[PDB]
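Participant: Just so it is clear, I am handing over structure00.csv, which has CSV, C-alpha atoms.
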chain,number,residue,atom,x,y,z
A,1,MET,CA,5.6,23.5,-3.9
A,2,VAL,CA,8.5,22.4,-1.7
A,3,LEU,CA,10.3,19.0,-1.4
A,4,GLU,CA,10.5,17.6,2.1
A,5,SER,CA,9.7,14.6,4.2
A,6,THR,CA,7.6,15.0,7.4
A,7,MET,CA,7.4,12.0,9.7
A,8,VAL,CA,4.3,12.2,11.9
A,9,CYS,CA,5.3,11.0,15.4
A,10,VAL,CA,2.1,10.0,17.2
A,11,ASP,CA,1.8,9.2,20.8
A,12,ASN,CA,0.2,5.8,21.7
A,13,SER,CA,0.8,6.1,25.5
A,14,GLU,CA,-1.8,5.6,28.2
A,15,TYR,CA,-2.2,9.4,28.8
A,16,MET,CA,-3.9,10.3,25.6
A,17,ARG,CA,-7.3,8.9,26.4
A,18,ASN,CA,-9.2,11.5,28.5
A,19,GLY,CA,-11.2,14.5,27.3
A,20,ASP,CA,-9.6,17.6,28.7
A,21,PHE,CA,-8.3,18.2,25.2
A,22,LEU,CA,-11.6,17.9,23.2
A,23,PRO,CA,-14.1,15.1,22.8
A,24,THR,CA,-11.3,12.5,22.6
A,25,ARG,CA,-7.6,13.1,22.9
A,26,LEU,CA,-7.3,10.3,20.4
A,27,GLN,CA,-9.6,12.4,18.2
A,28,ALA,CA,-7.3,15.4,19.0
A,29,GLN,CA,-4.2,13.8,17.6
A,30,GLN,CA,-6.3,12.1,15.0
A,31,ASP,CA,-7.5,15.5,13.7
A,32,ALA,CA,-3.8,16.5,13.9
A,33,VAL,CA,-3.0,13.6,11.6
A,34,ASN,CA,-5.9,14.7,9.4
A,35,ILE,CA,-4.7,18.2,9.0
A,36,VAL,CA,-1.0,17.2,8.4
A,37,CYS,CA,-2.0,14.6,5.8
A,38,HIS,CA,-4.3,17.1,4.0
A,39,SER,CA,-1.5,19.7,4.4
A,40,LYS,CA,0.9,17.3,2.6
A,41,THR,CA,-1.8,16.7,0.0
A,42,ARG,CA,-1.8,20.4,-0.4
A,43,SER,CA,2.0,20.3,-0.5
A,44,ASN,CA,3.9,18.5,-3.2
A,45,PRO,CA,2.6,14.9,-3.7
A,46,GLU,CA,6.2,13.9,-4.6
A,47,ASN,CA,6.8,14.1,-0.9
A,48,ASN,CA,6.0,11.3,1.5
A,49,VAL,CA,4.5,10.7,5.0
A,50,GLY,CA,4.9,7.7,7.2
A,51,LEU,CA,3.6,6.8,10.7
A,52,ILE,CA,5.7,6.1,13.8
A,53,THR,CA,5.2,6.1,17.5
A,54,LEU,CA,7.5,6.9,20.4
A,55,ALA,CA,5.6,4.9,23.0
A,56,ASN,CA,5.6,1.1,23.8
A,57,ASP,CA,7.5,0.3,20.5
A,58,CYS,CA,8.8,2.1,17.4
A,59,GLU,CA,5.8,1.0,15.3
A,60,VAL,CA,6.1,1.3,11.5
A,61,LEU,CA,2.9,0.1,9.8
A,62,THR,CA,3.0,2.2,6.7
A,63,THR,CA,6.1,3.1,4.7
A,64,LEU,CA,7.0,6.8,4.2
A,65,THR,CA,4.9,6.9,1.0
A,66,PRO,CA,3.3,9.7,-1.0
A,67,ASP,CA,-0.1,8.0,-0.5
A,68,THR,CA,-2.1,8.8,2.7
A,69,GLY,CA,-5.6,7.3,2.2
A,70,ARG,CA,-4.3,4.1,3.8
A,71,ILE,CA,-2.9,6.2,6.6
A,72,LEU,CA,-6.5,7.6,7.0
A,73,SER,CA,-7.6,4.0,7.3
A,74,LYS,CA,-4.7,3.5,9.8
A,75,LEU,CA,-6.3,6.2,12.0
A,76,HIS,CA,-8.6,3.6,13.5
A,77,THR,CA,-8.1,1.5,16.7
A,78,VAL,CA,-4.8,3.2,17.6
A,79,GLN,CA,-5.4,2.3,21.3
A,80,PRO,CA,-3.0,4.6,23.1
A,81,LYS,CA,-1.3,2.6,25.8
A,82,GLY,CA,2.3,2.1,26.9
A,83,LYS,CA,5.3,4.1,28.0
A,84,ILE,CA,6.9,7.0,26.2
A,85,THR,CA,10.4,7.0,24.7
A,86,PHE,CA,10.7,10.0,22.4
A,87,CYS,CA,14.5,10.0,22.6
A,88,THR,CA,14.5,6.9,20.4
A,89,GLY,CA,11.7,8.5,18.5
A,90,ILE,CA,14.0,11.2,16.9
A,91,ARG,CA,16.6,8.7,15.9
A,92,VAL,CA,14.1,6.1,14.6
A,93,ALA,CA,12.4,8.8,12.5
A,94,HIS,CA,15.8,10.0,11.2
A,95,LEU,CA,16.9,6.5,10.1
A,96,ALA,CA,13.4,6.2,8.6
A,97,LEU,CA,14.2,9.3,6.6
A,98,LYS,CA,17.7,8.0,5.7
A,99,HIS,CA,15.6,5.2,4.2
A,100,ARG,CA,14.1,7.6,1.6
A,101,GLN,CA,14.1,7.7,-2.2
A,102,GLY,CA,15.4,11.2,-3.0
A,103,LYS,CA,17.9,13.7,-1.6
A,104,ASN,CA,16.3,16.8,-3.1
A,105,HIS,CA,13.5,16.5,-0.5
A,106,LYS,CA,14.3,18.5,2.6
A,107,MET,CA,13.7,17.2,6.2
A,108,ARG,CA,11.2,19.2,8.2
A,109,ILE,CA,9.7,16.8,10.7
A,110,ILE,CA,6.8,17.1,13.3
A,111,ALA,CA,6.5,15.3,16.6
A,112,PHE,CA,3.7,14.8,19.1
A,113,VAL,CA,4.8,14.3,22.8
A,114,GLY,CA,2.1,13.7,25.4
A,115,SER,CA,3.7,12.0,28.4
A,116,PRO,CA,6.6,12.5,30.8
A,117,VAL,CA,9.6,11.1,29.0
A,118,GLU,CA,12.8,10.0,30.8
A,119,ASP,CA,14.8,12.2,28.4
A,120,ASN,CA,18.1,13.7,29.6
A,121,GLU,CA,18.9,17.0,28.1
A,122,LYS,CA,22.3,15.4,27.3
A,123,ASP,CA,20.4,12.8,25.3
A,124,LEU,CA,18.5,15.3,23.3
A,125,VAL,CA,21.5,17.5,22.8
A,126,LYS,CA,23.4,14.5,21.4
A,127,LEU,CA,20.4,14.1,19.1
A,128,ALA,CA,20.3,17.9,18.5
A,129,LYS,CA,23.9,18.4,17.4
A,130,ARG,CA,23.5,15.1,15.6
A,131,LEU,CA,20.8,16.9,13.6
A,132,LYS,CA,23.1,19.9,13.3
A,133,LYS,CA,25.4,17.3,11.5
A,134,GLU,CA,22.4,15.8,9.8
A,135,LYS,CA,20.4,18.9,8.6
A,136,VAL,CA,16.9,18.4,10.0
A,137,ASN,CA,14.6,21.0,11.4
A,138,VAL,CA,11.9,19.6,13.8
A,139,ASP,CA,8.6,21.3,14.7
A,140,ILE,CA,7.3,19.5,17.8
A,141,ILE,CA,3.7,20.2,19.0
A,142,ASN,CA,3.3,19.2,22.7
A,143,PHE,CA,0.1,17.3,23.5
A,144,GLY,CA,-1.0,15.4,26.6
A,145,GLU,CA,0.7,16.3,29.9
A,146,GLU,CA,4.3,16.3,30.9
A,147,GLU,CA,4.7,19.9,31.9
A,148,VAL,CA,2.5,23.0,31.4
A,149,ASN,CA,5.7,24.7,30.0
A,150,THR,CA,7.9,22.0,28.5
A,151,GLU,CA,11.6,22.6,28.9
A,152,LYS,CA,13.5,19.5,27.6
A,153,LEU,CA,11.9,19.9,24.3
A,154,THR,CA,12.5,23.6,24.5
A,155,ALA,CA,16.1,22.7,25.1
A,156,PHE,CA,16.0,20.5,22.0
A,157,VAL,CA,14.5,23.4,20.0
A,158,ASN,CA,17.3,25.6,21.4
A,159,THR,CA,20.1,23.1,20.6
A,160,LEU,CA,18.9,22.1,17.2
A,161,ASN,CA,19.3,25.5,15.4
A,162,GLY,CA,21.5,28.5,15.1
A,163,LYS,CA,21.3,31.8,13.2
A,164,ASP,CA,20.1,30.3,9.9
A,165,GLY,CA,18.3,27.0,10.5
A,166,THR,CA,15.6,28.1,13.0
A,167,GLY,CA,13.0,25.6,11.9
A,168,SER,CA,12.3,24.4,15.4
A,169,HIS,CA,8.9,25.6,16.6
A,170,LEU,CA,7.6,24.2,19.8
A,171,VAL,CA,3.8,24.5,20.5
A,172,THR,CA,4.0,23.8,24.3
A,173,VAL,CA,0.9,22.0,25.6
A,174,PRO,CA,-2.0,24.0,27.0
A,175,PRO,CA,-2.9,21.3,29.6
A,176,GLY,CA,-6.4,22.7,30.4
A,177,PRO,CA,-9.3,22.7,27.9
A,178,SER,CA,-8.0,23.9,24.6
A,179,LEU,CA,-9.6,23.1,21.3
A,180,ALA,CA,-8.9,20.6,18.5
A,181,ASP,CA,-8.0,23.0,15.8
A,182,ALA,CA,-6.7,25.9,17.9
A,183,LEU,CA,-3.6,23.8,18.8
A,184,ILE,CA,-2.8,23.0,15.1
A,185,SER,CA,-3.9,26.4,13.8
A,186,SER,CA,-0.6,27.9,14.8
A,187,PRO,CA,1.7,25.4,12.9
A,188,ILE,CA,-0.6,25.7,9.9
A,189,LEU,CA,0.0,29.4,10.4
A,190,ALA,CA,3.7,28.9,11.0
A,191,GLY,CA,5.1,25.4,11.4
B,24,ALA,CA,33.6,-4.7,-39.4
B,25,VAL,CA,35.0,-7.0,-36.7
B,26,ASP,CA,33.4,-8.9,-33.8
B,27,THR,CA,35.1,-10.5,-30.8
B,28,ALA,CA,34.2,-14.1,-29.6
B,29,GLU,CA,31.1,-13.7,-27.3
B,30,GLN,CA,30.5,-15.6,-24.1
B,31,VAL,CA,27.4,-16.1,-21.9
B,32,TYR,CA,28.4,-16.3,-18.2
B,33,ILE,CA,25.7,-17.6,-15.9
B,34,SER,CA,25.1,-17.4,-12.2
B,35,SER,CA,23.4,-20.8,-11.8
B,36,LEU,CA,20.6,-19.3,-9.8
B,37,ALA,CA,19.5,-18.6,-13.3
B,38,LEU,CA,19.6,-22.3,-14.2
B,39,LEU,CA,18.0,-23.3,-11.0
B,40,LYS,CA,15.1,-20.9,-11.5
B,41,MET,CA,14.8,-22.2,-15.1
B,42,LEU,CA,14.4,-25.8,-14.0
B,43,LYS,CA,12.1,-24.8,-11.1
B,44,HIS,CA,9.9,-22.6,-13.3
B,45,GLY,CA,9.6,-25.2,-16.0
B,46,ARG,CA,8.9,-27.7,-13.3
B,47,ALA,CA,6.2,-25.6,-11.8
B,48,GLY,CA,4.4,-25.0,-15.1
B,49,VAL,CA,5.5,-28.4,-16.5
B,50,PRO,CA,2.7,-29.4,-18.9
B,51,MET,CA,2.9,-26.0,-20.5
B,52,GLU,CA,5.5,-23.7,-22.0
B,53,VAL,CA,6.4,-20.4,-20.2
B,54,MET,CA,7.9,-17.1,-21.2
B,55,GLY,CA,10.3,-14.9,-19.3
B,56,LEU,CA,12.8,-12.0,-19.3
B,57,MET,CA,16.4,-12.5,-18.4
B,58,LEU,CA,18.3,-10.1,-16.1
B,59,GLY,CA,22.0,-9.7,-15.8
B,60,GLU,CA,24.8,-7.3,-16.7
B,61,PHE,CA,26.1,-6.1,-20.1
B,62,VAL,CA,29.8,-6.4,-19.3
B,63,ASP,CA,31.6,-6.2,-22.7
B,64,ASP,CA,31.5,-7.5,-26.3
B,65,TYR,CA,33.3,-10.9,-25.7
B,66,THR,CA,31.3,-11.8,-22.6
B,67,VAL,CA,27.8,-11.2,-21.2
B,68,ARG,CA,26.4,-12.4,-17.9
B,69,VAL,CA,23.0,-13.4,-16.6
B,70,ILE,CA,22.9,-12.8,-12.8
B,71,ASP,CA,19.2,-13.1,-12.1
B,72,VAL,CA,16.3,-14.9,-13.6
B,73,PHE,CA,13.0,-13.5,-12.2
B,74,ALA,CA,9.5,-14.9,-12.5
B,75,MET,CA,7.3,-13.7,-15.4
B,76,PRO,CA,3.5,-14.0,-15.4
B,77,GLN,CA,1.5,-16.6,-17.2
B,78,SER,CA,-0.6,-16.3,-20.3
B,79,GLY,CA,-3.1,-19.0,-21.1
B,80,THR,CA,-4.1,-18.4,-24.7
B,81,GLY,CA,-0.8,-17.9,-26.5
C,143,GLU,CA,-25.0,-29.0,-9.1
C,144,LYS,CA,-24.4,-28.2,-12.8
C,145,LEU,CA,-22.6,-31.5,-13.4
C,146,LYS,CA,-24.6,-34.6,-13.9
C,147,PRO,CA,-23.1,-37.9,-15.2
C,148,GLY,CA,-22.5,-37.6,-18.9
C,149,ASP,CA,-22.1,-33.8,-19.6
C,150,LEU,CA,-20.4,-31.9,-22.3
C,151,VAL,CA,-17.9,-29.7,-20.5
C,152,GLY,CA,-15.8,-27.1,-22.4
C,153,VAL,CA,-12.2,-27.9,-21.2
C,154,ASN,CA,-9.1,-26.1,-22.1
C,155,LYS,CA,-6.5,-28.0,-24.1
C,156,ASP,CA,-3.5,-26.8,-22.1
C,157,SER,CA,-4.8,-26.5,-18.5
C,158,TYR,CA,-7.3,-29.4,-18.8
C,159,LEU,CA,-9.8,-27.4,-16.7
C,160,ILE,CA,-13.6,-27.2,-17.1
C,161,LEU,CA,-14.5,-23.8,-18.4
C,162,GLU,CA,-18.0,-23.9,-20.1
C,163,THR,CA,-21.1,-26.0,-20.1
C,164,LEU,CA,-22.4,-27.1,-23.5
C,165,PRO,CA,-26.2,-27.2,-24.3
C,166,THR,CA,-26.6,-29.9,-27.0
C,167,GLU,CA,-25.5,-33.4,-27.7
C,168,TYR,CA,-27.3,-34.0,-30.9
C,169,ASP,CA,-26.8,-35.2,-34.5
C,170,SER,CA,-27.1,-32.5,-37.2
C,171,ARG,CA,-29.2,-35.1,-39.0
C,172,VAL,CA,-31.7,-35.0,-36.2
C,173,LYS,CA,-31.5,-31.2,-36.6
C,174,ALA,CA,-32.3,-31.6,-40.3
C,175,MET,CA,-35.5,-33.5,-39.4
C,176,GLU,CA,-37.0,-30.4,-37.8
C,177,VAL,CA,-40.0,-28.8,-39.5
C,178,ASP,CA,-39.6,-25.0,-40.0
C,179,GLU,CA,-40.9,-24.6,-43.6
C,180,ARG,CA,-44.7,-24.6,-42.8
C,181,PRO,CA,-46.5,-25.6,-46.1
C,182,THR,CA,-50.1,-24.5,-46.8
C,183,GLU,CA,-52.9,-27.1,-46.9
C,184,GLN,CA,-56.0,-25.7,-45.3
C,185,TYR,CA,-58.8,-28.3,-44.6
C,186,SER,CA,-60.8,-27.0,-47.6
C,187,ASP,CA,-58.2,-28.6,-49.8
C,188,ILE,CA,-59.2,-31.9,-48.4
C,189,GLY,CA,-62.5,-33.3,-49.6
C,190,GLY,CA,-64.6,-36.2,-48.4
C,191,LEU,CA,-62.3,-37.4,-45.6
C,192,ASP,CA,-64.5,-36.0,-42.8
D,44,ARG,CA,-26.3,17.8,19.8
D,45,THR,CA,-22.9,16.3,20.5
D,46,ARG,CA,-23.9,12.7,19.7
D,47,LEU,CA,-25.5,13.9,16.5
D,48,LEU,CA,-22.2,15.5,15.3
D,49,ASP,CA,-20.4,12.3,16.5
D,50,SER,CA,-22.7,10.2,14.3
D,51,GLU,CA,-22.1,12.8,11.6
D,52,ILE,CA,-18.4,12.2,11.6
D,53,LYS,CA,-19.2,8.5,12.0
D,54,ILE,CA,-21.1,8.8,8.7
D,55,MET,CA,-17.8,10.0,7.2
D,56,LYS,CA,-16.0,7.0,8.9
D,57,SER,CA,-18.6,4.7,7.3
D,58,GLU,CA,-18.0,6.5,4.0
D,59,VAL,CA,-14.3,5.6,4.5
D,60,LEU,CA,-15.4,2.1,5.2
D,61,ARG,CA,-17.4,2.2,1.9
D,62,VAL,CA,-14.2,3.4,0.3
D,63,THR,CA,-12.5,0.4,1.8
D,64,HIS,CA,-15.3,-1.8,0.4
D,65,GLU,CA,-14.8,-0.1,-3.0
D,66,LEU,CA,-11.0,-0.8,-2.8
D,67,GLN,CA,-11.2,-4.4,-1.7
D,68,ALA,CA,-14.0,-5.0,-4.1
D,69,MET,CA,-12.9,-3.2,-7.3
D,70,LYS,CA,-9.2,-4.0,-7.0
D,71,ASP,CA,-9.6,-7.7,-6.0
D,72,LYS,CA,-12.4,-8.1,-8.5
D,73,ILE,CA,-10.5,-6.7,-11.4
D,74,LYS,CA,-7.4,-8.8,-10.5
D,75,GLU,CA,-9.5,-11.9,-10.5
D,76,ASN,CA,-11.2,-10.8,-13.7
D,77,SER,CA,-7.6,-10.5,-15.1
D,78,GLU,CA,-6.9,-14.0,-14.1
D,79,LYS,CA,-10.2,-15.0,-15.8
D,80,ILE,CA,-8.9,-13.1,-18.8
D,81,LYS,CA,-5.8,-15.3,-18.7
D,82,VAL,CA,-7.7,-18.5,-18.3
D,83,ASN,CA,-11.0,-17.9,-20.1
D,84,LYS,CA,-9.8,-16.2,-23.3
D,85,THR,CA,-8.2,-19.5,-24.4
D,86,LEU,CA,-11.1,-19.9,-26.9
D,87,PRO,CA,-10.3,-23.4,-28.3
D,88,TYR,CA,-12.0,-25.6,-25.8
D,89,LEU,CA,-11.8,-29.4,-26.1
D,90,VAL,CA,-15.2,-30.8,-25.1
D,91,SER,CA,-15.7,-34.2,-23.5
D,92,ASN,CA,-17.9,-36.3,-21.4
D,93,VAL,CA,-18.1,-36.4,-17.6
Here is the file; what I need is its structure written in the form of structure tokens.
Facilitator:
Amino acid sequence: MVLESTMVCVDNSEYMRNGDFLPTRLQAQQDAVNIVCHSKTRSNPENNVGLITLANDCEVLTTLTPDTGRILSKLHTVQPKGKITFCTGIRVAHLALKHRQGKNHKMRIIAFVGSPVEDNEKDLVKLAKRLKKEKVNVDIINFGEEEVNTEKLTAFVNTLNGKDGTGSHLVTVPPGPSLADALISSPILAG
Amino acid sequence: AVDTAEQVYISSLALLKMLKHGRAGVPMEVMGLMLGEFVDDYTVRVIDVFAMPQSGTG
Amino acid sequence: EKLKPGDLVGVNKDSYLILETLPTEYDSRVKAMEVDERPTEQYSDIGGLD
Amino acid sequence: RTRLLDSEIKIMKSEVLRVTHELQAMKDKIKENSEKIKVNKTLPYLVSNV
């Protein structure tokens, strides 16, 4: 096993409600939460997973806790509606992981972005060299629609790592009909 | 061998919780555990009196 | 519904709270009057009292 | 057969609701049984008249 803390960053914006990505996009990101919580059950249960959004608020309803059955109950009535702010999402998740219990856990975090965010590349490079001085690899999986080939988050992937800490893997969004498990099959292959 | 003159410092939130707890369960005796800081031999302090659950039988 | 006027209720000493419901309000002397022994006098032991 | 599979996953959601029933039943029940342990095991009971 391995000691880390992955903060699932769901999108509750008003773009995640249609059915281009499979029979609900809510169900698409919900199956994503299913596979990451089962994956951290298959990982070390000493690790912890908590919920957070980037849109409409920074909503903490569960603590970053090693249980996730209550998170599976928190899957329901997510009601995705609001306006995206992922640039506060990185920092709010990072302070949530500076509110942890142990330092031997690593910090490999995922993120789900599904809307056009007003994110300057200077904003996310402040965040990115901040994470260079905060030791966090982030594996973002693009959902929804902002661009068919995301660039700002590609720039964050570029500006997070160098030569040793290349733990930034960006599944850009396939904005046409692509499956529910074919999106998350590549990070469960390689995060 | 030899033992220095001991002292029990309080924090008076201790005494206030004692009176409030014995006021809350007032027709009955209660039991509790005292929290503080082991400073040295000649003094000791209670910094915190926290609630302890009821019994009913004994 | 269980409580009619004049009931034996099992109450704690400390809390003074009703906890049980007792079934009997009797004397043990009345209990000693009860007949369990069942002697044996069949009517053939009685003669001429028809 | 899409609605049949939707109801099949909804059967698992209703099993999660049964697990929520199991949690809010067993946990709350055993906590209130523990309070009834604290209150009801006080076996000397003063009896009285209502």
Participant: Could you please select, counting all atoms listed in the file, the residues of chain D within 9 Å of chain A and state them as a ChimeraX atom specification?
Facilitator: /D:59-60,63
Participant: Near residue 9 (chain A), counting only C-alpha atoms, which residues have an atom at most 6 Å away, once you skip same-chain residues fewer than 6 positions from it, shown as a ChimeraX atom specification?
Facilitator: /A:52-53,111-112
Participant: Using C-alpha atoms, can you write the selected residues to a file as a short mmCIF file (atom, residue, chain, number, x, y, z; two decimals), keeping the file's coordinate frame?
Facilitator:
data_model
loop_
_atom_site.label_atom_id
_atom_site.label_comp_id
_atom_site.auth_asym_id
_atom_site.auth_seq_id
_atom_site.Cartn_x
_atom_site.Cartn_y
_atom_site.Cartn_z
CA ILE A 52 5.70 6.10 13.80
CA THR A 53 5.20 6.10 17.50
CA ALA A 111 6.50 15.30 16.60
CA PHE A 112 3.70 14.80 19.10
#
Participant: For region 165-182 of chain C, please output as a list in words all residues within 10 Å (counting all atoms listed in the file; exclusion window: fewer than 3 positions along the same chain).
Facilitator: residues 149, 150, 151, 162, 185 and 187 of chain C
Participant: What gap, in Å, lies between CA of residue 46 (chain A) and CA of residue 3 (chain A)?
Facilitator: 7.3 Å
Participant: Select, counting all atoms listed in the file, all protein, DNA and RNA residues no farther than 9 Å from (20.0, -9.5, -16.1) in file coordinates, and express the selection as a count of residues only.
Facilitator: 12
Participant: Could you pull the residues within 8 Å of region 80-91 of chain D, counting all atoms listed in the file, minus those fewer than 5 positions along the same chain, as JSON, numbers by chain?
Facilitator: {"B": [77, 78, 79, 80, 81], "C": [149, 150, 151, 152, 153, 154, 155, 161]}
Participant: Which of these residues is nearest to residue 51 (chain B), using only C-alpha atoms: C:188, C:183, C:156, C:164?
Facilitator: C:156
Participant: Grab the CA of residue 57 (chain A) to CA of residue 134 (chain A) distance for me, in Å with one decimal place.
Facilitator: 24.0 Å
Participant: CA of residue 147 (chain A) to CA of residue 121 (chain A): how many Å, to one decimal?
Facilitator: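 Value for the CA of residue 147 (chain A)-CA of residue 121 (chain A) distance: 15.0 Å.
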Participant: Residues near residue 17 (chain A), anyone? I mean within 9 Å using only C-alpha atoms, not counting same-chain ones fewer than 6 positions away, as a PDB file with C-alpha atoms, in the frame of the given file.
Facilitator:
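The result, stored in selection-v4.pdb:
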ATOM      1  CA  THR A  24     -11.300  12.500  22.600  1.00  0.00           C
ATOM      2  CA  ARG A  25      -7.600  13.100  22.900  1.00  0.00           C
ATOM      3  CA  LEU A  26      -7.300  10.300  20.400  1.00  0.00           C
ATOM      4  CA  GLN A  79      -5.400   2.300  21.300  1.00  0.00           C
ATOM      5  CA  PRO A  80      -3.000   4.600  23.100  1.00  0.00           C
ATOM      6  CA  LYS A  81      -1.300   2.600  25.800  1.00  0.00           C
TER       7      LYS A  81
END
Participant: Would you list the contacts of residue 169 (chain A) as a tab-separated table (two decimals) with C-alpha atoms, keeping the file's coordinate frame, taking every protein, DNA or RNA residue within 12 Å and counting only C-alpha atoms, but skipping same-chain residues closer than 5 positions in sequence?
Facilitator:
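Okay, this is what ended up in around.tsv:
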chain	number	residue	atom	x	y	z
A	108	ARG	CA	11.20	19.20	8.20
A	109	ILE	CA	9.70	16.80	10.70
A	110	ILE	CA	6.80	17.10	13.30
A	111	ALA	CA	6.50	15.30	16.60
A	137	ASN	CA	14.60	21.00	11.40
A	138	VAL	CA	11.90	19.60	13.80
A	139	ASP	CA	8.60	21.30	14.70
A	140	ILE	CA	7.30	19.50	17.80
A	141	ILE	CA	3.70	20.20	19.00
A	142	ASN	CA	3.30	19.20	22.70
A	153	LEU	CA	11.90	19.90	24.30
A	154	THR	CA	12.50	23.60	24.50
A	155	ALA	CA	16.10	22.70	25.10
A	156	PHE	CA	16.00	20.50	22.00
A	157	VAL	CA	14.50	23.40	20.00
A	158	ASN	CA	17.30	25.60	21.40
A	160	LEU	CA	18.90	22.10	17.20
A	161	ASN	CA	19.30	25.50	15.40
A	186	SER	CA	-0.60	27.90	14.80
A	187	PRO	CA	1.70	25.40	12.90
A	188	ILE	CA	-0.60	25.70	9.90
A	189	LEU	CA	0.00	29.40	10.40
A	190	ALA	CA	3.70	28.90	11.00
A	191	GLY	CA	5.10	25.40	11.40
